[PDB]
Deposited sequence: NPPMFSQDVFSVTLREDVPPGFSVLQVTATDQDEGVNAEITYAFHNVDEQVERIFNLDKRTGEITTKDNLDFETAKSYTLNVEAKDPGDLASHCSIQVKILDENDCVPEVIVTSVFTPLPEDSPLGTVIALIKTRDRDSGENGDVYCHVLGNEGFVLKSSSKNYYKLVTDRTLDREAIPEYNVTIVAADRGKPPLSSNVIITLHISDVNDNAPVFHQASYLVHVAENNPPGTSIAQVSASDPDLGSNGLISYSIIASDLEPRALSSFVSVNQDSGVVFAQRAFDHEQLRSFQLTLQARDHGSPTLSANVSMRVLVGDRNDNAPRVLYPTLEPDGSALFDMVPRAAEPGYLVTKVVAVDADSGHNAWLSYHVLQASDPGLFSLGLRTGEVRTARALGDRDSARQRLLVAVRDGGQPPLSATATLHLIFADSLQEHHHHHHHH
């Protein structure tokens, strides 16, 4: 009868061997034309291996896969031309190769991630799978870059992605975090996943005024409701946290009369004069405005504004001396004829309610019955004789004088001076 060299053969195959790979040849001995056949084998044996009925060579006819089957049991029956038969078994062991990529499973991503999250806030939960065995299935993760995110390993194949750095939406509003996982096989395989992080806003920025303080000039006699300035503050926060409202909180004026002077539009920051300013009553006043955001809690800043009321020429000069008659004339009839040049006949005394050039007075002769007999001090308003009185000079003299300010246009007052020389 036929007989195999032994009952049980053992071979190992790498899962990556191509179809048609030589597994083993088994032969029985007539000591002839013997037939070989599988018997009592699994269905997958018939589907993976080919047994030469005449030669007894065994080859694969399809691809292997350690993840699907780690071993095969092959029973071969040898039949000579007679009825007798013999059997042997071949236990085929499959070897694991690194042919399965690691995969990364990310859940519970903190979306969005508040910018005030404490150190150690759990952003995401990470889990790794690897269908291979042993080292080929041993996966480890790490984060690329140094943007402030660290992987904490709670147990094997489980990670927590945590912050280790204070966040700031105003500096970095979005993050792309790449987590890479690699196995420890030969050669190693790796995969990666990109976690996108949206940093949500917190009201952590107070409004800031565009200027450290405000110096405003407003011409006197302005209409009420005249826009005199516009404050502006900025706030990098989002939405309600960056919405600014302006207001007036303090002033060196009477608190009950503050609204009667100035206001500010709460949305535009335009500052209005609520009344016609009068430089002669008040030259300047101080003001403290506030910019406030609409966050919880609110943030604010304070800025000082000074308003300078500008002088206009709204007052004409007025003569205080000499006293004038209803016709605007004054009489000086005791002027001695022997008066030496420089004799002070009289002095026009005028005042002006304004300031600066608007109240800088100058005195002019408009009409003279004898030009050059009398002089008129341009700035003093002193009326003096300029030359010795002559024999052909009239006893009665008349001057029409004007006191003007230095405004534009110049306002003035006039007076007629009857100067009458007395005979000795």
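Annotation: deposited residues 1, 33-37, 431-441 are not represented by C-alpha coordinates in the model.
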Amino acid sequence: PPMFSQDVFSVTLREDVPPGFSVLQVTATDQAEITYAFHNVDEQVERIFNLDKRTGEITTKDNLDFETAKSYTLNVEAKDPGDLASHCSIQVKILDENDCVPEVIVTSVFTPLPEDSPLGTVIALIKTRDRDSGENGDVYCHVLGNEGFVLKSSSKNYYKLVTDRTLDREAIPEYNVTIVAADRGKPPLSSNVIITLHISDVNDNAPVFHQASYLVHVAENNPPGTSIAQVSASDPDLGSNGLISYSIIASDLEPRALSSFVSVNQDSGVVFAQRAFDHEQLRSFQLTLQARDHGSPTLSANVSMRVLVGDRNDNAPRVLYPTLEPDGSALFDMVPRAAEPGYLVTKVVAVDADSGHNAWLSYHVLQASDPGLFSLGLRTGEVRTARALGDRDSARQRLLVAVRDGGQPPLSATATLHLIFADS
From here on, numbers count along this sequence of modelled residues.
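Of the two stretches examined, 387-395 and 361-369, the record assigns the greater average C-alpha temperature factor to 387-395. Looking at 185-193 and 69-77 together, the entry lists the larger mean B-factor for 185-193, computed on C-alpha atoms.
Per the deposited coordinates, the residue with the largest Cα temperature factor out of 309, 289, 144, 90 is 144. Highest C-alpha temperature factor among 257, 216, 301, 349 per the entry: 257.
Per the deposited record, the Cα B-factor of residue 128 falls in the middle third when ranked against the other modelled residues of its chain. Per-chain ranking of the deposited C-alpha B factor places residue 321 in the lowest third. Placement of the Cα temperature factor of residue 64 within the chain: middle third of the modelled residues, per the deposited record. Sort the chain's modelled residues by C-alpha temperature factor and residue 420 lands in the middle third, per the entry. Looking at the C-alpha B-factors along this chain, the one for residue 101 belongs to the highest third.
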